[PDB]
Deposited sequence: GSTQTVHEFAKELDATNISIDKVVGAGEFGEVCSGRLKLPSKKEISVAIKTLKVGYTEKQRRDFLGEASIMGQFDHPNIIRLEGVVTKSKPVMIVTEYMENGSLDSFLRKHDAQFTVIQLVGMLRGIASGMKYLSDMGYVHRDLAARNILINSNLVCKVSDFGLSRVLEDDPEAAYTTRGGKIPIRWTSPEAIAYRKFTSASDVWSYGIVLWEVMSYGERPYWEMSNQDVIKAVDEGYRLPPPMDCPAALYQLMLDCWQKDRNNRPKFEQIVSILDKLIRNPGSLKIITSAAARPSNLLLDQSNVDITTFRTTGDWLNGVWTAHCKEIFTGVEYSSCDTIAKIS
């Protein structure tokens, strides 16, 4: 992480709050004198050593990536207090809360563009040997041009040697087997979230029932007017055998084909006469 000079940082307004303190919008003056919009996260006063380590540790992971669909770290302030993390500004906030404001208001192709961005960021993250472990719409940020970027590296780990039940693969729930294929499972959940405009995966089902139902082969049902190609992709991401799930590169390719031939999205799926809220996948 670049150590920033605080004279180049100007804080505007508080836009949200996190575990470690506040999130503000503001401006960063770059060494070239160009000024850019940024988000500024500050570590609360009277922080513990653990809080500082976790706060800056997440920035250290973020900083190892330089990709259009991973949130960009502009730098940190550590040599004065409060400690700060400065990232690119994402005008439309978190993807799940953004989509809930706009139910049924985007085209299928717009939604597919969002999904393609997320998949591309994940392809790079997995190429770099990281497993995110908390890939969920609430951890995707979306900018003024609807570009979606992976964020929140608080649970991320290098592949070597509370976790969000609704987004976690059955094998990771069962015995902590986290791999890039468990992030592909999570991607399938994000795909359902996007096509559902921010509906909660598995609604408010008891966690024990989410675990049992999924292990028994039950899957989230097709969102309203969901293209067949996209529901099939969800089912593929949710294969019981992790070896049968697509790789992120394959997901990017699948979505690129749908963008290239939007007519393919005209084939729709539904399941109105099904016996239960979750759908048993035969496959």
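Regions of the deposited sequence not represented in the model: No coordinates exist for the deposited residues in 1 to 9, 171 to 181, 304 to 344, so these stretches are absent from the model.
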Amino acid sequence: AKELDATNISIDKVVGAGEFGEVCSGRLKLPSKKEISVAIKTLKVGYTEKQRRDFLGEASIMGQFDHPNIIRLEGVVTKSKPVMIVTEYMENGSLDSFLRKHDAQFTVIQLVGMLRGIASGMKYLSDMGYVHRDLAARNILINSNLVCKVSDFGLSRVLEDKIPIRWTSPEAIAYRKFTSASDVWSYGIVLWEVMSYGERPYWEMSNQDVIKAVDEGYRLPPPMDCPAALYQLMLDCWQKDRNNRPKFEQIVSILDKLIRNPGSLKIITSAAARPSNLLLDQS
From here on, numbers count along this sequence of modelled residues.
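No coordinates for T269 in a third or more of the other PDB entries: No, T269 is modelled in every other compared entry.
Other entries omitting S156, at least a third: Other entries vs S156: at least a third skip it.
Mean temperature factor over C-alpha atoms, higher-scoring stretch between 209 to 217 and 90 to 98: So the stretch with the higher mean C-alpha B-factor is 209 to 217.
Which of 23 to 31 and 40 to 48 has higher mean CA B factor, as the PDB entry lists it: Result: 40 to 48.
Residue of maximum C-alpha B factor among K177, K162, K123, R133, per deposited coordinates: Each of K177, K162, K123, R133 was compared by C-alpha B-factor; the highest is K162.
Among modelled residues of the same chain, the CA temperature factor third for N145: As the PDB entry reports it, the C-alpha B-factor of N145 lands in the middle third of its chain.
Record-listed C-alpha B factor of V158: chain third: It belongs to the highest third of the chain when residues are ordered by C-alpha B-factor.
Modelled-residue ranking by C-alpha temperature factor, third containing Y231: Bottom third by C-alpha B-factor.
Entry-reported Cα temperature factor of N243, expressed as the chain third it lands in: For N243, the deposited C-alpha B-factor lands in the highest third.
Among modelled residues of the same chain, the CA temperature factor third for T107: Answer is middle: the recorded C-alpha B-factor places it there.
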